[PDB]
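Right, one structure below, let's go through it.
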Amino acid sequence: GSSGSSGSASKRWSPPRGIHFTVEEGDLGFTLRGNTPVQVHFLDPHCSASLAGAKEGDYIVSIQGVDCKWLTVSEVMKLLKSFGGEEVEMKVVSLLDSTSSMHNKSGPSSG
């Protein structure tokens, strides 16, 4: 095991979660947007993945053990489809990064 050393300036991802559900080869209830790692854009609350115990913006890392960190949307989609109607184990990690920031303002117009 290990913890770390020195203040290495670099992004940090959370730990991978363990989801348990049965893919749906008809209505996943969600989609995959972006490039990679693809995220979970829950479209339906009564979907499946969500009902399992997932969240939004969930970045899939692996599916049943498969590597889904570089894979895109098509890939994963297939990696998921393949496991249609089969209880798989999806792992997602949360992204941590600064947020909010000051910006310039604008002025209204007359009439």
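Classify the chain as rounded, prolate or oblate, taking a ≥ b ≥ c as the square roots of the eigenvalues of its Cα gyration tensor: rounded when a/c is under 1.5, otherwise prolate if a/b is larger than b/c and oblate if not.
oblate
If each residue of separation counts as 0.36 nm, what is the full-extension length gain between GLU75 and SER6 once their alpha-carbon separation is subtracted?
Net length gain for the segment: 21.1 nm.
Please list, in chain and number order, the residues 5+ apart from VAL66 or on another chain whose amide H is under 5 Å from its amide H, with Hs placed from the backbone.
It is none; the list stays empty.
What ³J(HN,Hα) values, in whole Hz, does the Karplus curve 6.51 cos²θ - 1.76 cosθ + 1.60 give for segment 61-68 when θ = phi - 60°, with x put for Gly and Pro?
These are the phi-based 3J(HN,Hα) values: 10, 7, 9, 6, x, 5, 8, 9 Hz.
Helix-only estimate, please: 222 nm mean residue ellipticity of the chain, summing -39500 (n - 2.57) across DSSP H runs of length 4 or more and dividing by its residues, to the nearest 500.
Rounded to the nearest 500, the figure is -3500 deg cm²/dmol.
Report the residue, chosen from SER100, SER48, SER74, that carries the largest GNM mean-square fluctuation when the chain is represented by alpha-carbon nodes joined by springs under 10 Å.
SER100
Using the 10 angstrom Cβ neighbour count as an exposure proxy, how do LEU43, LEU71 rank, fewest first?
Result, fewest neighbours first: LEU43, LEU71.
Given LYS69/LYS91; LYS11/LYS69; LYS11/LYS81, which pairs have Cα atoms separated by over 20 Å?
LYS11/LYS81
Helix 73-82 against the longest principal axis of the chain: what's the angle in degrees, Cα atoms only, rounded to the nearest 10?
Helix 73-82 and the main axis of the chain meet at about 20 degrees.
Taken together, the values in this text are just the output of simple stated rules run on the coordinates, not laboratory data. Because the Cβ atoms are built from the backbone with ideal geometry, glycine has one as well, and the counts that use them run over all protein chains shown.
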